[PDB]
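All remarks here apply to the structure that follows.
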Amino acid sequence: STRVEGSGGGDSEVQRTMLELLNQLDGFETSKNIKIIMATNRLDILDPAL
Amino acid sequence: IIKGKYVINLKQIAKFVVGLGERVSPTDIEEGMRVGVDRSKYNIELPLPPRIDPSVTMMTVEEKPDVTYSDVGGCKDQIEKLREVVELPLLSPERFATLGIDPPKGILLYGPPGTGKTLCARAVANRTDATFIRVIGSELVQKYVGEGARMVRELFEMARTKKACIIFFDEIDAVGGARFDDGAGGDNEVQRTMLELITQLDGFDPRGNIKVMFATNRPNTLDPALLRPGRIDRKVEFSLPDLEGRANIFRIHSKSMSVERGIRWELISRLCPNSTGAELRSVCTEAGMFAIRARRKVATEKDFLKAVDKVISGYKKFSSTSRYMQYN
Amino acid sequence: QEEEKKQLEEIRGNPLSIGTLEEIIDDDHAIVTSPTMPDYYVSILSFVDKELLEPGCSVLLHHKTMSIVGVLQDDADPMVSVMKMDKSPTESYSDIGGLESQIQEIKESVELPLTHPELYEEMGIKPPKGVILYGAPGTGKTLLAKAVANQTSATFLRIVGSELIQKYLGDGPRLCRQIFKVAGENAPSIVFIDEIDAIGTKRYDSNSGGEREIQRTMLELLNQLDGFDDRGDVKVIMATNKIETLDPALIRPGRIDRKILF
Amino acid sequence: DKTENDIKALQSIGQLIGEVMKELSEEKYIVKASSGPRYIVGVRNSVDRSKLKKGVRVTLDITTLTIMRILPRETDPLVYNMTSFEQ
Amino acid sequence: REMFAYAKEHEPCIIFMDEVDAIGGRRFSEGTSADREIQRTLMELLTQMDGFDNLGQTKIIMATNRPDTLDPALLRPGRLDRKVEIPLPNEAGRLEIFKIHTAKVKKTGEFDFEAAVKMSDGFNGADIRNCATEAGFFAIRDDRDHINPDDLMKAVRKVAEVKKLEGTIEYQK
Amino acid sequence: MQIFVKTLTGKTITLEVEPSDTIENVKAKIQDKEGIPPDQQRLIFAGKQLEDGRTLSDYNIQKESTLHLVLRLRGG
Amino acid sequence: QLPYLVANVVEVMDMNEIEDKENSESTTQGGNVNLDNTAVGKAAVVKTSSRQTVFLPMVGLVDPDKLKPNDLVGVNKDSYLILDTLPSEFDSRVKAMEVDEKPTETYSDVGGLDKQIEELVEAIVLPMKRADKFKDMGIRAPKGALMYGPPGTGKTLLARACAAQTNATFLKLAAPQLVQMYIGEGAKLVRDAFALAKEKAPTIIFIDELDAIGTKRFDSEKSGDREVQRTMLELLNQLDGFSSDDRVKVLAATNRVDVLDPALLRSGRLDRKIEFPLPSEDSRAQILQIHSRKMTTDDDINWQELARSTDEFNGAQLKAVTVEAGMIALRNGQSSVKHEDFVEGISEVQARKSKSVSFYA
Amino acid sequence: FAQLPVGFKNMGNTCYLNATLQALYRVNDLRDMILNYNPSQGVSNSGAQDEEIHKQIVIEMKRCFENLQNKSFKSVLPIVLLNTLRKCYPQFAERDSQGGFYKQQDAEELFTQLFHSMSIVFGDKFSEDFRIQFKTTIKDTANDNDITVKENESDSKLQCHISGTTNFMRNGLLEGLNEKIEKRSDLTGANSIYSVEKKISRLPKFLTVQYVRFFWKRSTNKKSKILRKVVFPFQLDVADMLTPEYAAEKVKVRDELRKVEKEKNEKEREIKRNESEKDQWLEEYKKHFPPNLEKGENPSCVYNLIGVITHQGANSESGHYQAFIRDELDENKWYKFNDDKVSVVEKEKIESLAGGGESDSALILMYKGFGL
Ligand SMILES: Nc1ncnc2c1ncn2[C@@H]1O[C@H](COP(=O)(O)OP(=O)(O)OP(=O)(O)O)[C@@H](O)[C@H]1O
Ligand SMILES: Nc1ncnc2c1ncn2[C@@H]1O[C@H](COP(=O)(O)OP(=O)(O)OP(=O)(O)O)[C@@H](O)[C@H]1O
Ligand SMILES: Nc1ncnc2c1ncn2[C@@H]1O[C@H](COP(=O)(O)OP(=O)(O)OP(=O)(O)O)[C@@H](O)[C@H]1O
Ligand SMILES: [Mg+2]
Ligand SMILES: [Mg+2]
Ligand SMILES: [Mg+2]
Ligand SMILES: [Mg+2]
């Protein structure tokens, strides 16, 4: 209840790390296969890095 | 110790009464001392140094950095005050027996950022030939509270056994800071190590030839029981350079740099406001990058002016240009 | 080859019980604590060169009586798993093309002293260390860091700044202290901290995070960037855009030499 | 006699305590030891089936692991320290 | 677990838990791993008290130093049927306690207790016994083996001065 | 003749001997009262060793003197 | 002779001696008349540090009036039989609390503040020695005396000086060390610090810094200060009277008196409450003169003039004037401490440089 | 490449000799006198026929030392010397069962025997060089009724008697030059306890202090070895074991020499950024030496550390002595002599030899007079 005022969610901290790896992860064997499917009630609670 | 055999705890935890073999005498075994014993029959085979818990009190011990005392940080009278408290009673206790005073041990290094407090304890590490033990105060905190209490005690008593060492308490604004009570907080676990710093220093005897330097980068975060000066003897504020002090500092840097002489180092101090000693340390390296664009081997008068402006506009963009973290 | 292995195996096992090295004694001995349990007061066969090993190493002990036959070197942890690269960039330089008029203060302090130590011999003194990149987002900072790494061929570690925030206390500084000791071990490395404004805005719970967790990690990173250690060459790349949540002991010039605006 | 009694204890050996966790068969009992791991163990004709119930402590040998006798319950070393407070 | 079993082996076994605060505390579990031992132990107590084991022979006295420190299952009466309040003494309830400790001392006779003790208020019951001790420190000063009224009226006054140091404000329901 | 022998524990005991007696008698007498065996004993005086074949007048060894006893150790 | 294990006696249950017709045991045996069949002699159950329990016929040489359900014994490892009895175990950190020829500092290192000393002697030392008069009086023993007041007042130094001077056993204990994450055995460090003390009685448990186990809180939520207080409550258990706190005492120094536990405010825990002041006019001059006793001085000094220019400094600040006098003397290049250099050590160190730029003050 | 001296190859069961010789040759007068030997050096004549065996031994040191200094060599033979020693003392000439060869014992005894031989050849005037003279007062505890003054008591090295009184070397030296003598003699009383204090009345120019490490266990009846940590200062000051008079003389000379020693240690570092420069300072140093100086005396009460014999492994009954000597050209540079394996080690390696444990620990410490 202070992590939603503290970081937008403590699960959004893990999500945000994830997404930043993926910005330059387009080639590792050359092409993307592992997609990050994120999901939420509404997207107004997401971080501006998402 | 049972007087005439001893009770040992193996590290497989299992306890045994053991005697004395033929490498051991009546006087070799002490409390909390390790001993090696035989696995077919338990008997003291070889006495051993105390305590296997040390392994992260050995990651704060390293050997000395050999940086000279001919290039140092700050060209004031401030380092000679260090030379009376830290350095000289290590070199010569003869003068302090003639005075008759209890030799001087402690000192605080406090004041503005960027003033080369770590540069002078590295400079002293070459000169005195005394073992250096350097501490991060923020590595003293562990999730499971009570672990860092153990930690401090072990380092400090081990150091009384060493002779002629300096312990540099670095970054103890965390543990060594303020103290206060909460009502549902979680600060209190950290304060445990704060309390253990008060009680090892003061001891139940005084320090056994441990000269202590404490580097605080804010003179505003210190326990109010190391603020009292009885254990921290004369305490010398490392402040920002003077207008003559900046000229000296820039001359060490430019004798070490390849230049054309006939460059004023006084002028450069004038353009600057009162600001860190580290700015003048980056004037030269940016003047060195302007060397390469200009296709030089030297830095000449002109491009130092450009570099001086770069750093100054930097301090304009930020702060701590006359801040003390508020309140000298 | 034939005569070498005869007398090598004479003391080298069959099973070679693993130890972890707590401390050595200067008489050709050590005191090991095994991961299995029992400690042992081991000797040293000493054809692995007594002064070549040190605490934290994993050691080969002999299965008749435990003597240090040898020493394993090269380890990995679940804590350097996080750091190490799991890709090699497939977008190389000038796929950040445009805004290329201040890429000259990142290709003449990061790339170059590795490429030519020659030009920094002519001037002598300290080379450039560190850059901080800042501007609005969309100036390519995050890939720029990974593209100057391509050119130099120095060990590029990359650590996100939301993994330097943990939901446990005191073990944060311990993770951050590690990162630069790894880097100096490679004689050239580049460490990119992605979003070092994410250690001064992020927290978990307030009883193992809070102000304090943030505060400590900043202070730790000062000693790592320089302090007393005097480690090897680490070039540092920081991308940030909130440059007022940091200690006024890292954003001073004289550590991170040129600061670049975009 | 003070030393004769010591001989008789010495040439004997210790017992290792269990308790009857579950009856399996006539001559086979499942116990859970006070040291831990469960065993299947036997019985002498020094104990009856009508004299054993569960949670009743039993002796075992440390050289054959067979019950010879019924053993009273155990009770903490810790809780005996509490009965010695009355002041 | 074995302590409740033992209480059933031993008719009328009476169990004082002394100073429960942080071994029967709340769910906590955002601090140390130590906080999961608290739970684990706490469940044990309730399962003995209530289930296919029920205690009517055998009695629980739970002594706690601040009422609202405990898990709500320990605030659920049925294991803990009475929540008895033992007051901080009343004006003239201090007289009642003073009279039992004035028979512990050797004296030359005193029956002038009532006025002073009534308006020396601020005492708990142990401070009556410490007013005995401080009168025996005044006594040693005068070179006496006895308590007199010259010791007594100074004793209650002194102990009062030192207890102004800090107070005790804890909620009483 | 009364002489003094400083033991390994640095405590001085007395010994009653003769200046004509050999070092083997001296060492035998310390064996009786301490248990130490002669062939591990070394009696020193003046920083000079007194061998088994010597006596206690070869080096002018009279009374009120202290010999310093130290013990042997093998290897090579 | 070695080896032999070290154990505790779980309980004693006691089987009959061999003189009956029907077994020599308290339990019943399958099969009747037996006297040496499968019935054994007197029994004790002991717990081995190899971590099991063994039911043994206890050695007849070891009298069963020596066994207690809580006593530490020898057990022969090879075949588990009580060999002997041994004194009770203590943890290694608790064995170094003892004196080892502790130096005294006596009242010759203390000038000024006599009143404090007097209270200390009356509280601690005399109820030990004059413990009969105390029973005559008809009162109960003190469990300890508190010392409090600002940092640097001299508390720690007193405690050492008096305990060595009168020869009462001084246990050296520091509060955070009892807080360990072995808790239960780290709480047993507390238990054993009393266990040692009851054998080594009368004794003074000087705990330096009492704001770790003297915390205000015992209502804590969602944090690990609930680990911390479990070593506080065990101490308060051994200051509840089941005696073992009647000659076993406590000195405590604390630097902050605002956060002390309400169960330590009460008497029966800490009873005598000694304030340590800011020194008076005269007292400051005495303090200076105690540090100057060791070293050389000129005979043109006057401690009263010095006490004018010091304004209610406490003892740490006055130590830092007397040493700083002799800093300056070495710095000029003498070795004779000038009577003028006391004056300059007062200004040089006040534990503060200047009074912070004035521009409207 | 660089200049480094040669060592002895251990035959096996010989190290007790090889280890000791190295330390002795560091001593400046020692190496000099063996070189400048003539077959015309005055002997301490009172007769005796082993004076002639002593001559032969000194020739063997001279040629060992010539081999050692010259590079046409990588191994120095002890074989001729071993043969001479076995003739000289017939305790080294026995035979072990199930072990083998010629009896192996004792670097302490060996240094004693070597100085004995040298003092016969080079006279009693050479005996004074390492010999210490004491002032001994033998005096009753309370009022004196029987008193004797001994200066004829003497030694050639100190015996630091460990009894668990060591954590520092000085303490154990002080409690083994302090003692209580119990008597078994008739006075007008008997068994009077006498306090004896020996104080040094003449410093040696070369100091040796040996740690005593052995004990006879009487509770098992078998030899053990004491193991203890004893820090030894490189710079040793013996002021407290001298009488006030003698201490006053040497401490005043010491403080002036420490002024010139300080002045060198500053100048050395500057010129960096050698032998001749030391000689320019030597001519300055000798001027502060007292005008009443005599033969076989340190001009100071301070000594510096030039050798440590270490003994490693398990029990006594066993031993392989390696040794540390300090370079003769340096002052913080030490050579490790592990038979013919010669290497440079630093100050930190010397510090580590304080001991305790199965590790290297000290038995003998060689110093020498004149601070620097
Ligand atoms: N006075 C100075 N002269 C020359 N260089 C300096 C000076 N002060 C700082 N520097 C430069 O800055 C670098 C880092 O400074 P350092 O790590 O010593 O910080 P600090 O002064 O202790 O401050 P803080 O406590 O605020 O971190 C040094 O390695 C040095 O090159
Ligand atoms: N100025 C630019 N020119 C070309 N490509 C750009 C530019 N800015 C961003 N990009 C592209 O956008 C993608 C991600 O940008 P990157 O993460 O490197 O930038 P950033 O500045 O750190 O911040 P952000 O991700 O929020 O844009 C990459 O495909 C990168 O090439
Ligand atoms: N009356 C006095 N006379 C002489 N010296 C004094 C006096 N009072 C204090 N001192 C000196 O001041 C020093 C500091 O006080 P001390 O450290 O003993 O107590 P403390 O208040 O418990 O401090 P802390 O908790 O910070 O260790 C003493 O060690 C002593 O040197
Ligand atoms: Mg800092
Ligand atoms: Mg971005
Ligand atoms: Mg204190
Ligand atoms: Mg109570």
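Chains: A, B, ... in order of the structure tokens. Residues: from 1 per chain. Ligands: from 1, in order shown.
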**Prompt:** What residues have any atom no more than 6 Å from ligand 2 when counting only C-alpha atoms and all ligand atoms, and can you list them as a ChimeraX atom specification?
**Reply:** /A:23 /C:95-98,137-143
**Request:** List every residue of chain D that DSSP, applied to the backbone of this structure, places in strand (DSSP E), and write the result as a list in words.
**Result:**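 DSSP on the backbone gives strand (DSSP E) at residues 15, 16, 17, 18, 19, 20, 21, 22, 23, 29, 30, 31, 32, 33, 39, 40, 41, 42, 43, 57, 58, 59, 60, 61, 66, 67, 70 and 71 of chain D.
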**Prompt:** If we count only C-alpha atoms, what is near residue 294 in chain H at a cut-off of 12 Å, once residues fewer than 4 positions away on the same chain are taken out, given as an MDAnalysis selection string?
**Reply:** chainID H and resid 125 128:129 202:205 289:290 298:299
**Message:** Can you work out which residues are within 12 Å of ligand 7, considering only C-alpha atoms and all ligand atoms, and then hand them over as a list in words?
**Reply:**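 So, counting only C-alpha atoms and all ligand atoms, the residues near ligand 7 are residues 16, 17, 18, 19, 20, 62, 63, 64, 65 and 126 of chain E; 233, 234, 235, 236, 237, 238, 239, 240, 241, 242, 263, 264, 266, 267, 268 and 269 of chain G.
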Any chance you could export the current selection's N, CA and C atoms as a PDB file, in the first residue's frame?
ATOM      1  N   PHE E  16       1.436 -20.064  33.973  1.00  0.00           N
ATOM      2  CA  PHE E  16       1.637 -18.644  33.804  1.00  0.00           C
ATOM      3  C   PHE E  16       2.546 -18.455  32.609  1.00  0.00           C
ATOM      4  N   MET E  17       2.030 -17.821  31.569  1.00  0.00           N
ATOM      5  CA  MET E  17       2.901 -17.299  30.537  1.00  0.00           C
ATOM      6  C   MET E  17       3.302 -15.920  31.009  1.00  0.00           C
ATOM      7  N   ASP E  18       4.594 -15.728  31.176  1.00  0.00           N
ATOM      8  CA  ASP E  18       5.132 -14.499  31.717  1.00  0.00           C
ATOM      9  C   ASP E  18       5.655 -13.642  30.573  1.00  0.00           C
ATOM     10  N   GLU E  19       5.171 -12.395  30.505  1.00  0.00           N
ATOM     11  CA  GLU E  19       5.598 -11.396  29.510  1.00  0.00           C
ATOM     12  C   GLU E  19       5.407 -11.868  28.070  1.00  0.00           C
ATOM     13  N   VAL E  20       4.220 -12.377  27.736  1.00  0.00           N
ATOM     14  CA  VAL E  20       3.956 -12.549  26.311  1.00  0.00           C
ATOM     15  C   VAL E  20       3.763 -11.176  25.692  1.00  0.00           C
ATOM     16  N   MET E  62      -2.333 -15.470  31.562  1.00  0.00           N
ATOM     17  CA  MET E  62      -1.619 -14.824  30.491  1.00  0.00           C
ATOM     18  C   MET E  62      -1.314 -13.438  31.007  1.00  0.00           C
ATOM     19  N   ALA E  63      -0.040 -13.128  31.115  1.00  0.00           N
ATOM     20  CA  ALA E  63       0.404 -11.885  31.708  1.00  0.00           C
ATOM     21  C   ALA E  63       0.998 -11.046  30.594  1.00  0.00           C
ATOM     22  N   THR E  64       0.391  -9.894  30.322  1.00  0.00           N
ATOM     23  CA  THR E  64       0.890  -9.027  29.271  1.00  0.00           C
ATOM     24  C   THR E  64       0.967  -7.596  29.761  1.00  0.00           C
ATOM     25  N   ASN E  65       1.938  -6.893  29.199  1.00  0.00           N
ATOM     26  CA  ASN E  65       2.436  -5.626  29.693  1.00  0.00           C
ATOM     27  C   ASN E  65       1.832  -4.420  28.990  1.00  0.00           C
ATOM     28  N   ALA E 126       4.874  -1.762  43.305  1.00  0.00           N
ATOM     29  CA  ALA E 126       6.290  -1.994  43.523  1.00  0.00           C
ATOM     30  C   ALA E 126       6.990  -0.751  44.055  1.00  0.00           C
TER      31      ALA E 126
ATOM     32  N   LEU G 233      13.065  -9.113  26.787  1.00  0.00           N
ATOM     33  CA  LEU G 233      12.127  -9.656  27.762  1.00  0.00           C
ATOM     34  C   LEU G 233      12.781 -10.718  28.639  1.00  0.00           C
ATOM     35  N   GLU G 234      13.793 -11.411  28.115  1.00  0.00           N
ATOM     36  CA  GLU G 234      14.477 -12.448  28.889  1.00  0.00           C
ATOM     37  C   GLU G 234      15.282 -11.831  30.031  1.00  0.00           C
ATOM     38  N   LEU G 235      15.773 -10.614  29.809  1.00  0.00           N
ATOM     39  CA  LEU G 235      16.484  -9.908  30.860  1.00  0.00           C
ATOM     40  C   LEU G 235      15.524  -9.511  31.957  1.00  0.00           C
ATOM     41  N   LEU G 236      14.364  -8.999  31.555  1.00  0.00           N
ATOM     42  CA  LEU G 236      13.339  -8.658  32.531  1.00  0.00           C
ATOM     43  C   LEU G 236      12.794  -9.875  33.261  1.00  0.00           C
ATOM     44  N   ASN G 237      12.998 -11.065  32.706  1.00  0.00           N
ATOM     45  CA  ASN G 237      12.597 -12.288  33.384  1.00  0.00           C
ATOM     46  C   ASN G 237      13.544 -12.615  34.518  1.00  0.00           C
ATOM     47  N   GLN G 238      14.818 -12.302  34.320  1.00  0.00           N
ATOM     48  CA  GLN G 238      15.840 -12.567  35.316  1.00  0.00           C
ATOM     49  C   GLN G 238      16.050 -11.372  36.234  1.00  0.00           C
ATOM     50  N   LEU G 239      15.196 -10.356  36.119  1.00  0.00           N
ATOM     51  CA  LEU G 239      15.056  -9.317  37.123  1.00  0.00           C
ATOM     52  C   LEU G 239      13.700  -9.373  37.800  1.00  0.00           C
ATOM     53  N   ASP G 240      12.856 -10.322  37.418  1.00  0.00           N
ATOM     54  CA  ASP G 240      11.749 -10.721  38.262  1.00  0.00           C
ATOM     55  C   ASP G 240      12.302 -11.596  39.373  1.00  0.00           C
ATOM     56  N   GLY G 241      11.695 -11.503  40.547  1.00  0.00           N
ATOM     57  CA  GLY G 241      12.251 -12.240  41.653  1.00  0.00           C
ATOM     58  C   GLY G 241      11.759 -13.663  41.692  1.00  0.00           C
ATOM     59  N   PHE G 242      12.529 -14.521  41.038  1.00  0.00           N
ATOM     60  CA  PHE G 242      12.921 -15.805  41.598  1.00  0.00           C
ATOM     61  C   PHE G 242      14.393 -15.793  42.001  1.00  0.00           C
ATOM     62  N   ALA G 263       9.100  -1.005  31.516  1.00  0.00           N
ATOM     63  CA  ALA G 263       9.349  -2.052  32.503  1.00  0.00           C
ATOM     64  C   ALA G 263      10.715  -1.916  33.126  1.00  0.00           C
ATOM     65  N   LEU G 264      11.420  -0.850  32.798  1.00  0.00           N
ATOM     66  CA  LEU G 264      12.669  -0.515  33.429  1.00  0.00           C
ATOM     67  C   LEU G 264      12.564   0.793  34.175  1.00  0.00           C
ATOM     68  N   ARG G 266      10.189   1.056  36.281  1.00  0.00           N
ATOM     69  CA  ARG G 266       9.752   0.531  37.567  1.00  0.00           C
ATOM     70  C   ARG G 266      10.946   0.039  38.372  1.00  0.00           C
ATOM     71  N   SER G 267      10.797   0.080  39.692  1.00  0.00           N
ATOM     72  CA  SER G 267      11.855  -0.351  40.584  1.00  0.00           C
ATOM     73  C   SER G 267      11.653  -1.816  40.912  1.00  0.00           C
ATOM     74  N   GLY G 268      12.754  -2.542  40.909  1.00  0.00           N
ATOM     75  CA  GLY G 268      12.748  -3.983  40.950  1.00  0.00           C
ATOM     76  C   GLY G 268      13.502  -4.445  39.726  1.00  0.00           C
ATOM     77  N   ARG G 269      13.887  -3.463  38.910  1.00  0.00           N
ATOM     78  CA  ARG G 269      14.641  -3.671  37.689  1.00  0.00           C
ATOM     79  C   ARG G 269      15.891  -2.798  37.710  1.00  0.00           C
TER      80      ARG G 269
END
**Asked** Residues at most 7 Å from ligand 6, using only C-alpha atoms and all ligand atoms? Could they come as a PyMOL selection string?
**Response** (chain B and resi 199+202) or (chain G and resi 155-156+208-209+253)
**Request:** Considering only C-alpha atoms, return as a ChimeraX atom specification whatever protein or nucleic-acid residues lie within 12 Å of range 30-43 of chain G, sequence-local ones (same chain, fewer than 6 positions apart) excluded.
**Result:** /D:5-6,8-9,12-15,43-52,59,67-72 /G:9-24,54-64,67,81-82
**Request:** Kindly compile the residues surrounding ligand 5 within 12 Å, counting only C-alpha atoms and all ligand atoms, and format them as a ChimeraX atom specification.
**Result:** /A:16-17,19-21,23-24,48-50 /C:133-145,160,193-198,238-242
**Request:** Write out as a VMD selection string each polymer residue (protein, DNA or RNA) that has an atom no more than 8 Å from ligand 1, with only C-alpha atoms and all ligand atoms counted.
**Result:** (chain B and resid 72 to 75 112 to 119 171 215 to 218 241 249 253 276 to 281) or (chain C and resid 222 to 223 226 to 228 248 to 250 254 to 255)
**Asked** Residues at most 12 Å from range 21-25 of chain B, counting only C-alpha atoms, excluding those fewer than 5 positions away in the same chain, as a ChimeraX atom specification?
**Response** /B:5,30,35-38,41-48 /F:9 /G:2 /H:162-164,213-228,313-318,356-358
**Request:** Pick out the residues no farther than 9 Å from ligand 3, counting only C-alpha atoms and all ligand atoms, and list them as a PyMOL selection string.
**Result:** (chain B and resi 198-199+201-203+206+224-231) or (chain G and resi 107-114+147-159+208-209+253-255+276+279+283-284+286-291+314-320)
**Message:** Should the cut-off be 8 Å, what would the residue list for chain E against chain G look like, counting only C-alpha atoms, as a ChimeraX atom specification?
**Reply:** /E:18-19,21-22,26,28-32,34-35,68-69,104-106,126-127,129-130,132-133,136-137,145-147,162-163,166-168
**Message:** Could you pull out the alpha helix (DSSP H) residues of range 27-238 of chain C, going by DSSP on the backbone, and write them as an MDAnalysis selection string?
**Reply:** chainID C and resid 112:115 119:122 141:152 171:185 210:225
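Remark: for chain D, the closest of the candidate residues E:139, E:15, E:43, E:159 is E:15 (distances computed over only C-alpha atoms).
With only C-alpha atoms as the atoms that count, the residue of A:4, A:27, A:37, A:12 with the shortest distance to chain C is A:27.
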**Prompt:** Suppose you want the space between CA of residue 80 in chain H and CA of residue 55 in chain H; what is it in Å?
**Reply:**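 Atom-to-atom, CA of residue 80 in chain H and CA of residue 55 in chain H are spaced 13.6 Å apart.
Nearest residue to chain H, choosing from F:61, F:56, F:46, F:5 and counting only C-alpha atoms: F:46.
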**Message:** So that I can see what lies close to range 139-155 of chain B, please list as a PyMOL selection string the residues with an atom at most 7 Å from it, counting only C-alpha atoms and leaving out residues fewer than 6 positions away in the same chain.
**Reply:** (chain B and resi 57+189-190+192-193+196+200) or (chain C and resi 168-171+173-174) or (chain E and resi 32) or (chain G and resi 176-177+179-181)
**Prompt:** Near residue 92 in chain C, within 7 Å and counting only C-alpha atoms, which residues show up once chain neighbours fewer than 3 positions away are dropped, as a PyMOL selection string?
**Reply:** chain C and resi 89+95+147+150
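Take CA of residue 182 in chain C and CA of residue 54 in chain B: the distance between them is 22.2 Å.
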